[PDB]
Amino acid sequence: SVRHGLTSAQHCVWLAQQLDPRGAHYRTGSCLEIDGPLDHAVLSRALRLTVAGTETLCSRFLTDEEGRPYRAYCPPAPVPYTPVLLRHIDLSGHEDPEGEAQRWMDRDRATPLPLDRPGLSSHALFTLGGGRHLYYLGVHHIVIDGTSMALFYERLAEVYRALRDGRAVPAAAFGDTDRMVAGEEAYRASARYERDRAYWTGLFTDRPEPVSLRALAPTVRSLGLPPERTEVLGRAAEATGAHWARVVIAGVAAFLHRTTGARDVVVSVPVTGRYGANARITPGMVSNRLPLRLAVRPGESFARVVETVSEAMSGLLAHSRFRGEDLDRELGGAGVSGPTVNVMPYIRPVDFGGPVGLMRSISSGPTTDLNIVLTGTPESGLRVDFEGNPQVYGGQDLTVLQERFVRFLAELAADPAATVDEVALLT
Ligand SMILES: *CCCCNC(=O)[C@H](C)N
Ligand SMILES: [Cl-]
C-alpha cells in the first residue's frame with residue numbers, strides 16, 4: 001500500500017511514455033556474451049532470487065487521484081506478484097545463432113511493457129553452440145539504467161555461483177530507493193538548485209538549436225574494434241593526461257567541427273545521477289543527461305580540444321544535479337543537445353564460476369538524433385554502437401558514419417599535437 005516517490009529520471013520517462021502510451025520507445029537492453037556452458041535450471045532459480053532482492057525489478061507504476069505517478073512494490077510469489085521468467089532459447093544447431101539471437105532481442109525490444117504490470121523486464125538465455133551463451137536483459141528504462149544493468153549482472157552471477165557450489169546464497173547488498181529519492185528532494189529544496197539553474201541557463205542564453213549530421217527507439221549499428229585499433233586511445237590519454245573517455249568526447253567534438261565547420265559544437269553527456277554510497281548501489285533509473293558546449297577555434301590542436309573538453313566537463317560535473325530535462329523545459333522548444341556520447345564505465349567480466357560474461361549494449365535509449373555508445377577499454381578493445389533515430393538515419397548510413405568517425409578518432413589520437421583543421425577527414 002506504500003506509495004513510493006519516483007526519481008527525477010523516472011518522472012522524466014513516465015511523462016515521455018504518456019506521449020505515446022502504447023509505444024515501446026523506452027524499451028532498452030543489453031546482454032552478456034558468455035564463453036562457456038550455464039545450467040538454465042539453476043540460472044532460472046538464480047534469476048528468481050535476484051529479482052526478489054531487487055526492488056526496482058519488482059515495481060509497477062500507478063497514478064493517484066490527482067493523476068500523479070507513484071511506484072508500488074510487488075514481491076514475487078513464494079496485489080499482483082512480480083512474475084519471473086528466464087527463457088531458454090537453444091540456437092545450437094542454427095546456421096547463424098548470433099544473428100537469430102539479435103533478431104529475437106530486437107523483436108522483444110519492440111514489445112510494449114505496460115507500466116501498471118509489475119516486473120518490467122524480459123530475460124532470455126541463448127545457447128549459441130560451441131558451448132557459448134548469451135544472456136539478454138530487456139527492460140523498461142523507467143526501472144533500470146546503465147549502472148543498474150551492471151549491478152544486476154553481478155548479483156545474478158553471485159547467486160548462480162552459490163547455487164552451483166552448494167554454498168549458501170550471500171545476502172544481497174543493494175541500497176534503498178526511498179532514501180535516494182529523498183536525497184533528490186533535498187537537493188531541489190536547497191540553495192544549490194538555484195545556483196545550478198543559473199549556471200545552466202546562463203550557458204545557453206543564445207539557445208542553440210540541436211543539429212544533426214521526436215525521440216524514437218534507435219536503429220543500432222555496432223562495430224567491434226580490437227585492441228590493435230583501440231590501444232592508441234590509451235596512449236593519447238597517457239600523453240594528454242586526460243582520462244580516455246575525455247579523449248573520445250574530444251574526438252566526437254573534433255569530428256562534428258571538421259564535418260560541419262561549426263565553431264561551437266554541442267554533445268550530450270550522461271552522468272549516473274548517483275550521489276553517495278547508498279545511491280551508488282541502488283538498482284533503478286536515476287541517470288541524467290547534460291549538454292557539453294565546446295568551442296573549437298581555428299588552428300587548435302587535438303590536445304587543445306581535449307583541454308577544452310576538460311574545462312567544460314569540470315563545470316558540468318560541478319552542477320551535475322540539475323536535470324537535463326528541466327534545463328530544456330526552461331529554455332523551451334527542442335531544448336539543447338547534441339549526439340549523446342556514452343562512454344560506459346569499466347565493468348569487470350561477469351564470473352559465473354568458470355564461464356565469463358562480457359557485457360554489450362543492445363539499446364541504450366530512444367533518441368531524436370544519435371547516441372554514440374562505447375563499451376570496453378582501450379586495452380581490451382571496444383564495441384562502438386551508433387544508435388540513430390530511424391527517421392534521420394538508415395542502417396547503412398550509420399555504418400558509414402561510424403566507420404568514418406572511428407578512422408578520424410584514431411588519427412587524432414595517434415598525434416594529439418596535430419592541428420585539427422589540418423587532419424584529413426576522409427569520407
Ligand atoms: C529524461 C530521462 C529519460 C532519458 N534517459 C535516457 O534515455 C538515457 C540517456 N539513456
Ligand atoms: Cl541510462
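Just the heavy atoms: all of them, side chains too, but no hydrogens, waters or symmetry mates, feed the values below. Start at 1 and go down the list; that is how both ligands and their atoms are numbered. Residue numbers start at 1 and run along the sequence shown.
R132 and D35 are not joined by a salt bridge, as no carboxylate oxygen comes within less than 4.0 angstrom of a charged side-chain nitrogen. Between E330 and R197 there is a salt bridge, since at least one side-chain N of the basic residue sits less than 4.0 Å from a carboxylate O of the acidic one. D145 and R274 are joined by a salt bridge, as a carboxylate oxygen and a charged side-chain nitrogen come within less than 4.0 angstrom of each other.
The shortest N/O to N/O separation between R289 and ligand 1 does not fall below 3.5 Å. No N or O atom of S287 sits closer than 3.5 Å to an N or O atom of ligand 1.
Against a heavy-atom cut-off of under 4.0 Å, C12 is close to the following atoms of ligand 1: 1 (C), 2 (C), 3 (C). Every atom of ligand 1 is numbered from 1 in the order shown, and the set under 4.0 Å from a heavy atom of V13 is 3 (C).
Relative ring orientation between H319 and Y199 is described as parallel, the plane-to-plane angle staying below 30° on a 0-90° scale split at 30° and 60°.
Cation-pi geometry between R161 and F352 is not satisfied (NZ or CZ under 6.0 Å from the ring centre, within 45° of the ring normal).
Residue-level proximity to ligand 1 for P270 is absent, since no heavy atom of it falls below 4.0 angstrom.
The closest heavy-atom contact to atom 7 (O) of ligand 1, among the options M285, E325, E387, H141, comes from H141.
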